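Written below as structure tokens is the structure these notes are about.
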Amino acid sequence: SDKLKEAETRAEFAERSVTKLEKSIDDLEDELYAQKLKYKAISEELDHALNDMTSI
Amino acid sequence: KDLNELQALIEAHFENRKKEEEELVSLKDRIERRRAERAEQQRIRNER
């Protein structure tokens with residue numbers, strides 16, 4: 001009985017940890033996507049600048 | 001010719017970083033595919 005209780009507690013702890021880790025990794029992926037979006041926006045602005053500089 | 005070679009390399013690294021951005025976008029897309037598949041399989045596991 002003692003061993004079973006220990007195992008059950010370990011399982012609950014690990015499950016909660018996996019839930020937290022999944023949420024955190026999803027949030028960080030969202031943040032990376034946002035920063036990539038900003039980089040792409042300024043890169044397209046610079047590409048337009050280069051297109052005009054082709055006439056420069 | 002300095003301006004010519006420089007603008008040439010400028011457009012060149014433009015294209016290179018552009019390909020890299022395309023690859024990274026495809027990476028993000030397959031990433032969201034992975035998010036969706038993990039979500040559905042996790043949800044199935046949780047349902048059972």
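Some notes on this structure:
- For the residues of A:28-41, the average number of beta carbons from a partner chain within 10 Å of their own beta carbon is 2.
- Scaled to the globular estimate 2.2 N^0.38 Å, the Cα spread of the protein assembly as shown, given as radius of gyration, is 1.84.
- Here B:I10 and A:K23 are evaluated by their C-beta separation; at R0 = 41 Å the FRET efficiency comes out at 0.45.
- Note on B:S26 and A:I42: the model spin-label points, each 7 Å out from Cα along the C-beta direction, lie 2.7 nm apart.
- A cut-off under 13 angstrom between Cβ atoms defines the neighbours of B:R45, and their net charge, with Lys, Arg +1 and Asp, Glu -1, is -2.
- Peptide B:17-27 has a mean of 2 when you count, residue by residue, the C-beta atoms of other protein chains within 10 Å of its C-beta.
- Normalised by residue count, chain B yields a Cα convex hull volume of 31 Å³ per residue.
- Global geometry of the range A:5-56, whether rounded, prolate or oblate, following the gyration tensor of its Cα atoms and the 1.5 cut on a/c: prolate
In this analysis, Cβ positions are derived from the backbone assuming ideal geometry, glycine residues included, and neighbour counts consider all displayed protein chains. Quick note: the coordinates plus some simple rules give every number you see, no bench work behind them.
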